[PDB]
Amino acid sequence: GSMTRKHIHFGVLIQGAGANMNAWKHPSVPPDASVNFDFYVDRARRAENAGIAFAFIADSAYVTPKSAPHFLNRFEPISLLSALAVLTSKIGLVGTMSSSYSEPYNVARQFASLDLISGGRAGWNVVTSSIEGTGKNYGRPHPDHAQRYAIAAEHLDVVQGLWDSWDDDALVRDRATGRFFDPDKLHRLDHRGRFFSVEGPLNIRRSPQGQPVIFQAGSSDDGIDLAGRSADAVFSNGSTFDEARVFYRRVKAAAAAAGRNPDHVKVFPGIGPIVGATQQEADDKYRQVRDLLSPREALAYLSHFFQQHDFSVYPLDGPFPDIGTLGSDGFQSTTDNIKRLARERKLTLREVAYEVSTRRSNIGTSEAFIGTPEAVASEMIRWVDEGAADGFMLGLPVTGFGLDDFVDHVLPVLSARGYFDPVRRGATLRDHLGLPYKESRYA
């Protein structure tokens, strides 16, 4: 009965086995979850049946023998989302694609086709920066980072221009006269910019939501500004509450400065809640998640910060050793953080290794989102009440039990408190998110 009760929007990041890099080891998922199509269908349906607004498929296009399991082998988003569309009915279908390594005409067509097949449920997560090295797969081994935002802005402008090629009513298909379309309702783009030259028109029409929804995750000054000028929904990962609140305020002001209505720029911080009936049960699940990293893996990553020091020689459950003499390869501030922690808390080597590891391996998991359904719901409500979120991007450490727990135990508590409507009516992704139908620039 809070005076500020409102529906909290949710999306779910389906990162194969889980947001935790070692989630493939957890028994609640199949080991090949990341490239197991039926697993994605099960998880998308689980989310859809709970009233989660969209499924989000993040992406990468670069591999090394050190890449995390999900980055070593994953589905490609247009193909995956198009297959999922046809086995679902309401849930949004949001896919990552890079501005630097895609032709805008192809992006426009592939996302427009997903949008039409799905009945207006497509979203495009516009990625401005890619993993370092990605350019090596596209004949551009040294990208000019300084231009990555200018490139992305123009690329997006081209895609959206192409999406307005065909007025909603252009395709007349008059069998009496033989007139298939009204020529004055088809538009050329004639884009000639610094980075792209694209004449158009596009060869596919607009969807029941007008155009696909634009997601972005810029965090730099330029990133936030691009989001304010061009995103419908903005996400993050790893933020504390105070950080998220600053981010929320900056994105909304950036929207207002661009002459847009900030009410229609949704902010969705990433979180990875872990719930149990008691704090003890939540904590046990969190320990399970922690132990997905073996002791050796925890130590190998500590070794990284101390010039490849071999920490395997020390007893795991003995005190963290006096390694103060050891240097670091430019991570001296991190090694200082590690040593301060070890000294201020009487930590063992195991506790230090996992502190470092577990924190970094689950960046959207903080202790405020670990506990009982009521406590975890209360924290989500707090983030929304206090202006850090309009909704959340769920990045669950393990996609199996993580999502099951969340949908079975958290959502019903939120619903009971007036902060989640599981049966929001709406054909389209825009409808779910409370965004207005996207009219053509030529309407």
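For every residue, the number given is its place in the sequence shown, counted from 1.
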Of 222 to 230 and 114 to 122, the stretch with the higher mean C-alpha B-factor in the deposited entry is 222 to 230
So 62 to 70 or 374 to 382, which one's hotter by mean CA B-factor in the entry?
62 to 70
Using only the C-alpha B-factors in the record, can you name which of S366, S207, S312, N106 has the highest?
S366
One of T96, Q216, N362, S165 has the largest Cα B-factor in the entry, namely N362
For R430, does the deposited CA B-factor place it in the lowest, middle or highest third of the chain?
lowest
Based on the entry's values, in what third of the chain does the Cα temperature factor of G327 lie: lowest, middle or highest?
highest
Could you look up the Cα B-factor of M21 in the entry and say which third of the chain it sits in: lowest, middle or highest?
middle
Taking only the Cα B-factors deposited for this chain, tell me whether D174 sits in the lowest, middle or highest third.
middle
Is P212 in the lowest, middle or highest third of its chain when residues are ranked by C-alpha B-factor?
lowest
